[PDB]
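Right, one structure below, let's go through it.
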Amino acid sequence: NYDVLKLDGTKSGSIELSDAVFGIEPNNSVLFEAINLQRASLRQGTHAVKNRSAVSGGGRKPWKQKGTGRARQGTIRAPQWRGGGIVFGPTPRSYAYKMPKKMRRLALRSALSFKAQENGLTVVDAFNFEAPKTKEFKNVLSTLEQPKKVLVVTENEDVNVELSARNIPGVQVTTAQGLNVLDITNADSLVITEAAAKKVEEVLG
Amino acid sequence: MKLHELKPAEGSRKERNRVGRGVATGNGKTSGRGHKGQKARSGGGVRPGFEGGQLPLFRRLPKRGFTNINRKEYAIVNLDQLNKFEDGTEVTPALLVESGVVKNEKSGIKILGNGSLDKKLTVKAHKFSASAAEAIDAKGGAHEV
Amino acid sequence: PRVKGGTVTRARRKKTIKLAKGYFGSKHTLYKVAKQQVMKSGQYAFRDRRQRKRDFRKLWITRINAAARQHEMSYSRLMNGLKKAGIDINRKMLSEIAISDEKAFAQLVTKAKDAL
Amino acid sequence: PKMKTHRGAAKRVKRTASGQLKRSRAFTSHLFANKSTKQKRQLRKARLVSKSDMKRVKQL
RNA sequence: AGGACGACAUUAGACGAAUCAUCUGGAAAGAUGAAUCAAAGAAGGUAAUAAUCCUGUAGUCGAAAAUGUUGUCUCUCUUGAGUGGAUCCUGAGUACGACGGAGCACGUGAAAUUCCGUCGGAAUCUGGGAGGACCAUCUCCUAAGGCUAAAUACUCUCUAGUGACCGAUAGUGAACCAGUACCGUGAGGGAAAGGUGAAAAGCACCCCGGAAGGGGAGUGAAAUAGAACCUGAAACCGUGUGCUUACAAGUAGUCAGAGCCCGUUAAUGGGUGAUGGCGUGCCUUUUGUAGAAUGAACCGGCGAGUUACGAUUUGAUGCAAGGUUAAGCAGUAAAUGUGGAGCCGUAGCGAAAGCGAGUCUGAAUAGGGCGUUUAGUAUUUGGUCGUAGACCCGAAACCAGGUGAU
RNA sequence: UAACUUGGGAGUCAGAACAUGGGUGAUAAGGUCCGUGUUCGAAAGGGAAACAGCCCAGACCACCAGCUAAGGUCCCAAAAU
RNA sequence: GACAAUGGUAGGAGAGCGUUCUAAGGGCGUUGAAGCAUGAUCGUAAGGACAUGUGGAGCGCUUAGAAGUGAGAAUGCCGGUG
Ligand SMILES: [Mg+2]
Ligand SMILES: [Mg+2]
Ligand SMILES: [Mg+2]
Ligand SMILES: [Mg+2]
Ligand SMILES: [Mg+2]
Ligand SMILES: [Mg+2]
Ligand SMILES: [Mg+2]
Ligand SMILES: [Mg+2]
Ligand SMILES: [Mg+2]
Ligand SMILES: [Mg+2]
Ligand SMILES: [Mg+2]
Ligand SMILES: [Mg+2]
Ligand SMILES: [Mg+2]
Ligand SMILES: [Mg+2]
Ligand SMILES: [Mg+2]
Ligand SMILES: [Mg+2]
Ligand SMILES: [Mg+2]
Ligand SMILES: [Mg+2]
Ligand SMILES: [Mg+2]
Ligand SMILES: [Mg+2]
Ligand SMILES: [Mg+2]
Ligand SMILES: [Mg+2]
Ligand SMILES: [Mg+2]
Ligand SMILES: [Mg+2]
Ligand SMILES: [Mg+2]
Ligand SMILES: [Mg+2]
Ligand SMILES: [Mg+2]
Ligand SMILES: [Mg+2]
Ligand SMILES: [Mg+2]
Numbered sequence: 003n004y005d006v007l008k009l010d011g012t013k014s015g016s017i018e019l020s021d022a023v024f025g026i027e028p029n030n031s032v033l034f035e036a037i038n039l040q041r042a043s044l045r046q047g048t049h050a051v052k053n054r055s056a057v058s059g060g061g062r063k064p065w066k067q068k069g070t071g072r073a074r075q076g077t078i079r080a081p082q083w084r085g086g087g088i089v090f091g092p093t094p095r096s097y098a099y100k101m102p103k104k105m106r107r108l109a110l111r112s113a114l115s116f117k118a119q120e121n122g123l124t125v126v127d128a129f130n131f132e133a134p135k136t137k138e139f140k141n142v143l144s145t146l147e148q149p150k151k152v153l154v155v156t157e158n159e160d161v162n163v164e165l166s167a168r169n170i171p172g173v174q175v176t177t178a179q180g181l182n183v184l185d186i187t188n189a190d191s192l193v194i195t196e197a198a199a200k201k202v203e204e205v206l207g
Numbered sequence: 001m002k003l004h005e006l007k008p009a010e011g012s013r014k015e016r017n018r019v020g021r022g023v024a025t026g027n028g029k030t031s032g033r034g035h036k037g038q039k040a041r042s043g044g045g046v047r048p049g050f051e052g053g054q055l056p057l058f059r060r061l062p063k064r065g066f067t068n069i070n071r072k073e074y075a076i077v078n079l080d081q082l083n084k085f086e087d088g089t090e091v092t093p094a095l096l097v098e099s100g101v102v103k104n105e106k107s108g109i110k111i112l113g114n115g116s117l118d119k120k121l122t123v124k125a126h127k128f129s130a131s132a133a134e135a136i137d138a139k140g141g142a143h144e145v
Numbered sequence: 002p003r004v005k006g007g008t009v010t011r012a013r014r015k016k017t018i019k020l021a022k023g024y025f026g027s028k029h030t031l032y033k034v035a036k037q038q039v040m041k042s043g044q045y046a047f048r049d050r051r052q053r054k055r056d057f058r059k060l061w062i063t064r065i066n067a068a069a070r071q072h073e074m075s076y077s078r079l080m081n082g083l084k085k086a087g088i089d090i091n092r093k094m095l096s097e098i099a100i101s102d103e104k105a106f107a108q109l110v111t112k113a114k115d116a117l
Numbered sequence: 002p003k004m005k006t007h008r009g010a011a012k013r014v015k016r017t018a019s020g021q022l023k024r025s026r027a028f029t030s031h032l033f034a035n036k037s038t039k040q041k042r043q044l045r046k047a048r049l050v051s052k053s054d055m056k057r058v059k060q061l
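Residue numbers (the deposited numbering), protein chains in the order written: chain LJ, 3 to 207; chain LO, 1 to 145; chain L3, 2 to 117; chain LH, 2 to 61.
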């Protein structure tokens, strides 16, 4: 209930502002219907086959009936020919359901409370640099040490932090109102500015 | 929690049986239909409620009634729900909505009485019931019907 | 995601053909008839393992009764006297005594005859 | 497409759990016994609501 | 109602940062070690798997010309507000009506509004209609003349993209000089057929044969990769072989067990079988089948409960007398923020007026039927229904629109 | 050791032979039609020479173990000339 | 250690292996991948392995999703061979 603050290599003054959003015991089965939701929503279902109707040809009736001594076969493009016609193909559809608006926040206050209640969180003070230098950020990730998967969060925008750190494998730079739930449990280390940390309890609680 | 070891809910994912996929499933070669007849054919199924030529249950019974054109549906707030607030100022079709009690009252908000008033409250309703209008004048309070 | 039967079949039928060797002619080379013959061969195997217990205590009854009347005793009067003698032996032993070593069985027939 | 009720349900009123018919054989002959003409009230339908509870679903 | 004065977008293209060394290898992009750019770790190619080898990407620039948006000015154009209303005009064979008929969700019925056909046929501001026939009163609005952008529906194409979409019996019929060979007089039907290698290095020469082919040599990491060419399974036709067969009655096995040959993923070992018991294949269909009932020549490959929208049910998970968003608008075609119009539930009874913890029939406070004492709600995994072709495969047959008297 | 109330999911509405009470038939049928039991259908084994319906008895799998039921005991073929 | 229960069609109810793809984690691959052939091995079933040949480049294993998911019959369709 008191997260310690660092700035760019140096300890400084810290806050306690982690009360209800950071500290709930994580309700795991709420998360499993939220991590499954988004990843079954990213993808554009666009896949079709042409069934027995829309193939070309087939008005002929090849054998007649009685007399010839073959099957009672009907057209040329029935499914059991080597021609087309597929009886049960994939209809182009959409993969999208929704949870109610209370459950839709209770996963997200459970996702980052999985970070803070056990093994891993860090709040840094803000940091600006005008010219986009990738090397001046890979420098920073190894001082205050994080593993390969790491998530930085600006308060509403960043003309450089959104535009640096876009080359390194394992880094995502997300504005604090774009906080989804897959990446925040895909990562292992939240490193956030101190300006947005006061806002996320003022917007999720 | 983490991605690589996520476990589902506790008795919530059951996998659906593919029917007619082997003799050793319990649905073999005929997949639950039977042997022959009307039900076992593809797409067959009788319309619901059809006794087979014998006229259905909704031909013997006779019809009666007509609804209305104006059937004013009072949003029936009971008298018990008022035992939550205080100062006894008013109850109001602008306020009794926005304390969450009533929503989308069609026309008129009648006070049916099946609780306990328990307060010298002042109302302002649309129209009343007979027994509940005694309960408001029991402990003391006027209105505007 | 279309999936076709890529080698869930020919890795399955070549553990029937390989499990069916030495059958005559064209019932060891090809699936659709040799699946039937192995499918009876279990149905026999469940049946006749209830014949080895119905055949070998039909063998021993011959080779005891062949050796019982080499001592003026029929088989039926023998095991009546043998049970009255309080002898809890099988038949498979009473065979295997009476064919390797007569001199044991030479007095065993006496004890049953002497209870009567 | 939404489930389409059929309007033979001008002949039944949802009580709070069960249906409510109106008893048959009303008009067209009254050369009929007198205490049986006295039976003109209504009864709830029997347990053949198995055969019709996908037909009358939106009267609720 | 036409047209000169002046910023962008298309139709070609530029520049574009960062690496070596060893090892196995035919050859490294691989392994191990030492480095470097990064607004560039999209993607493909290069003798294997490359951020730093090539083409590229991020970010920047360019346009003689010719069109499209267009900003500005220049031009055309152009008077607009009030009062008196003592007179004058406001869309004629029209609106309507009778008669048969179509459309309005509405089958001529109690039938307004709407258009066409035939025939009769008004009044004009105290007018004229319309408020589900019609009359009265009250509110609303002025037909029988015209014109009109945006929200919205579509892709044979064009530009740039994406895919829990297929990888040659799949995907379009058509990857392959496809609506082509080919069948029909005709209208119209309508196929099969992809892969040498890194590079053609595509076998110089010697030998048998007329040639085709073939054995050596030779290229190549590999020709057991030879232009029917990667990989090469089954049916099936063959070659010498270890055991076994010419006195025998057979749904072809299985369980005993002799003799001779071989030695294993080393285990109560593998192959062969002189002789005894035991015994009428499989599936569909049946009161019943070895059945002389049906179906299959054999081996491969393809080939049958699916999806959207709803309704009801149990199982799950949020919240609790409360639960809940639709369309839209912002946003990695991010599933998250807002939107409380609505739906369901907290109270039912009766056809209805209406009444209310109780109503209804009823002359009754009598007796009855249905209620009251509280759990509903939103999403989703299952089982089943309904509308769609809705487990697949099969009919003679109907109705449109055409091609044929050789 | 069942029964009943409620709620999801069906399948059957072509039966057959024996043993007995009956109608029809001719005290004819492996006939047809009812009652009532069993077995088969949906049940493999042992006996009835072979033989869905008769006679014993209900198979979770192993073993070269013992008693017994129905039918049998000179030989084919286990057991008494 | 007991104690009982386990024939079975139509049909109802549970637990399961395998195939193709994606997500995340973690690996094996010119000192030889997937398929192909052969073998006396392991699990109660569907099935899982491991050596040895042939093969020349892209695969497994755990967790969790989505389905064009399994072949012996349709006088089935197509290609081969009797
Ligand atoms: Mg079954
Ligand atoms: Mg079958
Ligand atoms: Mg049926
Ligand atoms: Mg059938
Ligand atoms: Mg039938
Ligand atoms: Mg059909
Ligand atoms: Mg197949
Ligand atoms: Mg360049
Ligand atoms: Mg470069
Ligand atoms: Mg008319
Ligand atoms: Mg191929
Ligand atoms: Mg060609
Ligand atoms: Mg060489
Ligand atoms: Mg071969
Ligand atoms: Mg014979
Ligand atoms: Mg049957
Ligand atoms: Mg025959
Ligand atoms: Mg045939
Ligand atoms: Mg002529
Ligand atoms: Mg008889
Ligand atoms: Mg009977
Ligand atoms: Mg029974
Ligand atoms: Mg017999
Ligand atoms: Mg015999
Ligand atoms: Mg069973
Ligand atoms: Mg089931
Ligand atoms: Mg594969
Ligand atoms: Mg076949
Ligand atoms: Mg034929």
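Ideal placement from N, C-alpha and C gives every residue a C-beta, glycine not left out.
- To which residues of the same chain is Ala-135 (chain LO) closer than 6 Å at the C-beta, ignoring the five residues directly before and after it? Within its own chain, the residues whose Cβ lies closer than 6 Å to the Cβ of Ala-135 (chain LO), once the five positions on either side in sequence are excluded, are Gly-113, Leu-117, listed in chain order.
- Task: Return the bridge partner residues of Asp-49 (chain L3) from the DSSP annotation.
- Result: According to DSSP, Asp-49 (chain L3) bridges with nothing at all.
- Name the residue from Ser-131 (chain LO), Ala-133 (chain LO), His-126 (chain LO) whose alpha carbon lies nearest to the alpha carbon of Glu-73 (chain LO). Selected option, being the one with the closest Cα: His-126 (chain LO).
- Query: Would a C-beta distance cut-off of 9 Å place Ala-50 (chain LJ) and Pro-92 (chain LJ) closer than the cut-off?
  - Reply: Closer than 9 Å, so yes.
- Which residue spans inside the stretch 47–111 of chain LJ form an unbroken beta strand (DSSP E) run of at least 3? Runs of the beta strand (DSSP E) inside the stretch 47–111 of chain LJ: none found.
- Item | Contacts of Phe-116 (chain LJ) in chain LO (Cβ-Cβ under 7 Å) | The contacting residues are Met-1.
- Could you check which residue in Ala-34 (chain LH), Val-50 (chain LH), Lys-15 (chain LH), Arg-45 (chain LH) has the C-alpha nearest to that of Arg-24 (chain LH)? Here the closest residue by C-alpha is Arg-45 (chain LH).
- Message: When you measure from the CB of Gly-71 (chain LJ) to every non-hydrogen atom of ligand 29, does any distance come out below 8 Å?
- Response: At least one heavy atom of ligand 29 is nearer than 8 Å to the Cβ of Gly-71 (chain LJ), so yes.
- Any Cβ of chain LJ within less than 9 Å of the Cβ of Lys-7 (chain LO)? In terms of beta-carbon proximity, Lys-7 (chain LO) lines the interface with chain LJ, with at least one pair separated by less than 9 Å.
- Just to confirm, are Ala-198 (chain LJ) and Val-155 (chain LJ) a CB contact at a threshold of 9 Å? Judged by their CB atoms, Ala-198 (chain LJ) and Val-155 (chain LJ) are nearer to each other than the 9 Å cut-off.
- Hey, would you say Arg-42 (chain LH) sits closer than 9 Å to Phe-58 (chain LO), going by beta carbons? No.
- Query: Counting along the chain, where does the beta strand (DSSP E) carrying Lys-8 (chain LJ) start and finish?
  - Reply: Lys-8 (chain LJ) -> beta strand (DSSP E) spans 7–9.
- For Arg-21 (chain LO), the nearest candidate out of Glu-98 (chain LO), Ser-12 (chain LO), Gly-32 (chain LO) (CA to CA): Comparing Cα-Cα distances from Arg-21 (chain LO) to each of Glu-98 (chain LO), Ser-12 (chain LO), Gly-32 (chain LO), the minimum goes to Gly-32 (chain LO).
- If you count every other CB in all the chains shown that lies within 10 Å of the CB of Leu-121 (chain LO), and 16 or more means buried, which is it? Within a 10 Å sphere around the beta-carbon of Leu-121 (chain LO) sit 16 or more other beta-carbons, which makes this residue buried.
- Message: Measuring only the C-alpha atoms, how far is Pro-28 (chain LJ) from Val-6 (chain LJ)?
- Response: Approximately 22 Å between the Cα atoms of the pair.
- Item | Spatial distance of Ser-43 (chain LJ) from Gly-53 (chain LO) (CA atoms) | Answer to the nearest angstrom: the Cα atoms are 50 Å apart.
- Query: Got a sec: does ligand 2 put a non-hydrogen atom nearer than 8 Å to the Cβ of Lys-29 (chain LO)?
  - Reply: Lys-29 (chain LO) Cβ: within cutoff of ligand 2.
- Task: On a CA-only basis, which of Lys-200 (chain LJ), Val-173 (chain LJ), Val-125 (chain LJ), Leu-108 (chain LJ) is nearest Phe-139 (chain LJ)? Give me that one, please.
- Result: Here the closest residue by C-alpha is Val-173 (chain LJ).
- Item | beta-carbon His-35 (chain LO) near ligand 3 non-hydrogen atom, thresh 8 Å | Because some heavy atom of ligand 3 lies under 8 Å away, the Cβ of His-35 (chain LO) counts as near it: yes.
- Message: Any heavy atom of ligand 3 inside 8 Å of the beta-carbon of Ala-40 (chain LO)?
- Response: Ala-40 (chain LO): yes, Cβ under 8 Å from ligand 3.
- If you check the beta carbons only, do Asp-115 (chain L3) and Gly-82 (chain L3) fall under 9 Å apart? Yes; because the gap between Cβ atoms is below 9 Å, this pair is in contact.
- Message: Strictly under 9 Å for the Cβ-Cβ distance: is residue 2 (chain LJ) near chain LO by that measure?
- Response: Since the first residue shown for chain LJ is 3 and the last is 207, residue 2 (chain LJ) is missing from the structure and cannot be characterised.
- Would DSSP call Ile-111 (chain LO) helix, strand or coil? Here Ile-111 (chain LO) carries a strand assignment [DSSP, helix/strand/coil].
- Measure from the C-beta of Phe-34 (chain LJ) to each C-beta in chain LO and report whether the shortest distance is under 9 Å. Chain LO, which has a Cβ nearer than 9 Å to the Cβ of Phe-34 (chain LJ), makes this yes.
- Tell me, to the nearest whole angstrom, how far the beta carbon of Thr-195 (chain LJ) is from that of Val-126 (chain LJ); I am working on the premise that it is less than 8 Å. Contact between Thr-195 (chain LJ) and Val-126 (chain LJ) holds, since their C-beta atoms are separated by about 7 Å, short of 8 Å.
- Starting from the beta carbon of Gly-20 (chain LH), find every residue of chain LO whose beta carbon is closer than 7 Å, and list them in chain order. By Cβ distance, chain LO contributes nothing, its closest Cβ being about 10 Å from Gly-20 (chain LH), past 7 Å.
- Would you say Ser-42 (chain LO) reaches chain LJ, if we count a Cβ-Cβ gap shorter than 9 Å as a contact? With 9 Å as the cut-off, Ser-42 (chain LO) does not count as an interface residue toward chain LJ.
- Report the residue from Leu-153 (chain LJ), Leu-181 (chain LJ), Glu-157 (chain LJ) whose alpha carbon sits nearest the alpha carbon of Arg-168 (chain LJ). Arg-168 (chain LJ) has its Cα closest to that of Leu-153 (chain LJ), out of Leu-153 (chain LJ), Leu-181 (chain LJ), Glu-157 (chain LJ).
- So with Cβ pairs under 9 Å, would you call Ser-31 (chain LO) a contact of chain LJ? The beta-carbon of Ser-31 (chain LO) is placed no less than 9 Å from the nearest beta-carbon of chain LJ.
- Message: Closest to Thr-136 (chain LJ) by C-alpha separation, out of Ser-166 (chain LJ), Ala-98 (chain LJ), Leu-9 (chain LJ), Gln-179 (chain LJ), would be which residue?
- Response: When each option's Cα is compared against that of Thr-136 (chain LJ), the closest is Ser-166 (chain LJ).
- Flag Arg-13 (chain LH) as yes if its beta-carbon sits less than 9 Å from any beta-carbon of chain LO, otherwise no. It does: the Cβ of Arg-13 (chain LH) has a partner Cβ on chain LO nearer than 9 Å.
- Query: How long is the line joining the alpha carbons of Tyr-45 (chain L3) and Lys-36 (chain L3), rounded to whole angstroms?
  - Reply: About 15 Å.
- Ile-186 (chain LJ) at chain LO interface by Cβ criterion, 9 Å: Put simply, the CB of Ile-186 (chain LJ) is far from chain LO, with every gap to its CB atoms at 9 Å or more.
- Message: ligand 6 and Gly-45 (chain LO): does the residue's C-beta get closer than 8 Å to at least one heavy atom of that ligand?
- Response: Between ligand 6 and the CB of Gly-45 (chain LO), the shortest heavy atom gap is not smaller than 8 Å.
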